Amino acid sequence: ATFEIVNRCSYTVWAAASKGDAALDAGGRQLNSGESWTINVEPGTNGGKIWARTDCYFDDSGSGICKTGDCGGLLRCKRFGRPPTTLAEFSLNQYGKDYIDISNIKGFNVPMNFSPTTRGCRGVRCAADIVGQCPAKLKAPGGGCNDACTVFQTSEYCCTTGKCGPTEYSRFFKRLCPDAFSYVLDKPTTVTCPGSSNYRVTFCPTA
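Take 46 as the starting number for the sequence shown in our numbering and just add one per residue.
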């Protein structure tokens, strides 16, 4: 599959792509305002994620840090990023179909649109000003809006027992971004696309 990762934000972001235990394509790259980065994800990829990172500093060897979304200090991510991270989640070629969604379960840092560039399905979007409206106890000093599980580490926020309902904090993400997962057991907003579709992730789609 082909993902075009586009940065429409006015600021630089450092895109990242990983499936948890390995990089997707190069795994990460700097994206100046307006730049596009085309990556190739192997078909059948399960549990792949794409996200943006803000205020990064990497040396000439690819080691450093980001204020949001840092993946063990690497420019090229092999693991998932540190919350808060708006997440483009996708599983490809699952019994003939692709499955995409946007998740706020790990917080929010950059607005994002996740759409197919091919036939057969719709796109999802979470482009509201969640950082600007973030509740005080969830605001991340490094920028972005943390999820309640990251902040408080309780069974109810993290859904560790498989029993959990919506919360005041999850209802906030759901109110601003109804098309994104607000907590683990949220009513799924996953979009079913034709197998081997191609996609575009646009950071700050309304910029």
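Backbone N, C-alpha and C fix where the C-beta goes; we use that ideal spot for every residue, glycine too.
query, result
"Span of the beta strand (DSSP E) around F159", "157 to 161"
"Distance between beta carbons of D115 and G126, contact taken as under 8 Å", "6 Å"
"Beta-carbon separation (whole angstroms), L137 vs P88, contact threshold 8 Å", "6 Å"
"For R220, the three-state DSSP class (helix, strand or coil)", "helix"
"First through last residue of the alpha helix (DSSP H) which encompasses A172", "Unbroken run through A172: none, as it is neither H nor E."
"Where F125 falls: helix, strand or coil (DSSP)", "coil"
"Endpoints, the beta strand (DSSP E) within which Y144 is located", "142 to 148"
"Three-way DSSP call (helix, strand, coil) for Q198 in this model", "coil"
"Boundaries of the beta strand (DSSP E) in which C111 is found, first to last residue", "109 to 113"
"Pick from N91, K94, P128, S106 that is closest to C190, judged by C-alpha positions", "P128"
"For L76, the residue or residues it bridges with in DSSP", "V58"
"Cβ shell of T47 (< 7 Å), same chain only, five flanking positions each side left out", "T83, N85, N243"
"Contact set for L132: own chain, Cβ-Cβ below 6 Å, skip 5 residues either direction", "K94, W96, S148, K151"
"Given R167 as reference, the closest of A173, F159, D174 once Cα atoms are compared", "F159"
"Closest by C-alpha distance to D224, when choosing among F217, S215, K182, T234", "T234"
"Residue from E213, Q198, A172 whose Cα sits closest to the Cα of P180", "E213"
"Environment of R216 [buried if 16+ CB atoms lie within 10 Å]", "exposed"
"8 Å Cβ shell around residue 27 - same chain, five flanking residues per side excluded", "Residue 27 is absent from the structure shown; the chain starts at 46 and stops at 252."
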